[PDB]
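Enquirer: below is the sequence, then the experimental coordinates.
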Amino acid sequence: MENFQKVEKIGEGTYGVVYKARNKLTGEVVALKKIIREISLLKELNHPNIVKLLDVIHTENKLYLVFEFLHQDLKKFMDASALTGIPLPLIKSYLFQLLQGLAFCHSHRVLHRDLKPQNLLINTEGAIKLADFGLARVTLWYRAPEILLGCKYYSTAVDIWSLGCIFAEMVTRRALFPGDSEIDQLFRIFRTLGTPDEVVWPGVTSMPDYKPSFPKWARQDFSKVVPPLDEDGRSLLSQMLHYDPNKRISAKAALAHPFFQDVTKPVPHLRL
Ligand SMILES: Cc1cc(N2CCCS2(=O)=O)c2oc(-c3ccc(O)c(O)c3)c(O)c(=O)c2c1
């Protein structure tokens, strides 16, 4: 609506375009996403670790979603600190907060479906928030195997897999499974975690796109996956990456993992 004055074009959203804008009325700086019963619900999905949806505006087939604005995203923060790496305390805080945000959405039956560094926003207060939450109901690097294998009614576990991939990237400073096509993505997972079978994943051989012809890769020792992360960390990650969605640790249980024992809330140094 006319009540806004775009300040600059942030980025291309997986649904449309996102602008930094200012409300003439409230005088508040916001994020204007250019694109119903599904978004409305999302307005009541409030939590400190979930980017707030301020308003929804529908007009002439044009849909606008107004969100609180944050200055930087996790992807941009990882590139600018890839030579020095993000300190463990911060990685642990971020992971602990993300799991909090997730534990809340899930407790309410809302999946993100497409978590990735770009949609994780941070501020100078050391807080990180989930962006584009619930909007699903091009990167494939954070997509869970069951999704890739054709499961149509996948669960909250898919978000856990994505966060697990992200957690691994912060530690090593390189994408875990950098797929450039669905088959390449699926095979990259297989080559690290081992081709799944009925032993570790009951039901895998009956899934829509599974094939008795998939190559049989061995599971690589986990200590070569994300070094030099400590045991509490490798233990948590392995559970976030279990093949079977029913076995994959939930957000709630992960917050109880010993890894968060010494969890604090440091602040990164932003250079807005
Ligand atoms: C520096 C930067 C980059 C991005 N973006 C990261 C990738 C999408 S974006 O370019 O908007 C971004 O997205 C969203 C956002 C929230 C919810 C949603 O549904 C969106 O579509 C976008 C914000 O509130 C925000 O403050 C912000 C800031």
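Expert: In hand now; what should we look at? Residues are numbered from 1 along each chain as shown.

Enquirer: from here on, contacts and neighbour counts on C-alpha atoms
Expert: OK.

Enquirer: so which bits of stretch 219-229 are buried?
Expert: 226, 229 (16 or more other CA atoms under 10 Å).

Enquirer: how far does it stretch from one end to the other?
Expert: 19 Å (CA to CA, to the nearest Å).

Enquirer: residues in contact with that stretch?
Expert: 168, 171, 172, 190, 191, 192, 193, 194, 195, 234, 238 (CA atoms under 8 Å, 6 or more residues apart in numbering).

Enquirer: for the third one, give me phi and psi.
Expert: Here the main-chain torsion angles of residue 172 (degrees, to the nearest 10) amount to phi -90, psi -20.

Enquirer: distance check, it against residue 202.
Expert: Applying CA to CA, the value for residue 172 to residue 202 is 31 Å.

Enquirer: and the nearest residue to residue 156 once chain neighbours are set aside, what does it touch?
Expert: Among residues not flanking residue 156 along the chain, residue 111 sits closest, at 5.6 Å (CA to CA, 6 or more residues apart in numbering). Residues in contact with residue 111, defined by CA under 8 Å, 6+ apart, are 105, 133, 134, 155, 156, 159.

Enquirer: the same query, at a cut-off of 10 Å, please.
Expert: Counting by CA atoms under 10 Å, 6 or more residues apart in numbering, residue 111 touches 102, 105, 133-137, 154-159.

Enquirer: for residue 156, same thing?
Expert: 102-103, 105-107, 109-113, 245-246, 248, 250-251.

Enquirer: pull out the buried members of these.
Expert: 102, 103, 105, 106, 110, 111, 112, 113, 245, 248, 250, 251.

Enquirer: grab the nearest non-local neighbour of the last one.
Expert: Setting aside the residues directly before and after it, residue 251 is nearest to residue 103 in space (CA to CA, 6+ apart), at 4.9 Å.

Enquirer: need the three-state assignment for that neighbour.
Expert: With DSSP: H, G, I helix; E, B strand; the rest coil as the basis, residue 103 sits in helix.

Enquirer: hang on, it packs against residue 256?
Expert: No. With contacts counted by CA atoms under 10 Å, residue 103 stays clear of residue 256, the gap being 11.8 Å.

Enquirer: what sits against the residue most central in space within the chain?
Expert: For the chain, residue 115 is the residue whose C-alpha lies nearest the centre (CA atoms, centre = their mean; 2.5 Å). Applying CA under 10 Å, 6+ apart, we find residue 115 in contact with 130-133, 141-143, 158-163, 165-166.

Enquirer: how about it, phi and psi?
Expert: phi -80, psi 140.

Enquirer: please apply the same query to residue 95.
Expert: Torsion angles at residue 95 (phi, psi; degrees, to the nearest 10) stand at phi -60, psi -40.

Enquirer: burial count for it?
Expert: A count of nearby residues for residue 95, using other CA atoms under 10 Å, gives 22.

Enquirer: good, we can wrap up now.
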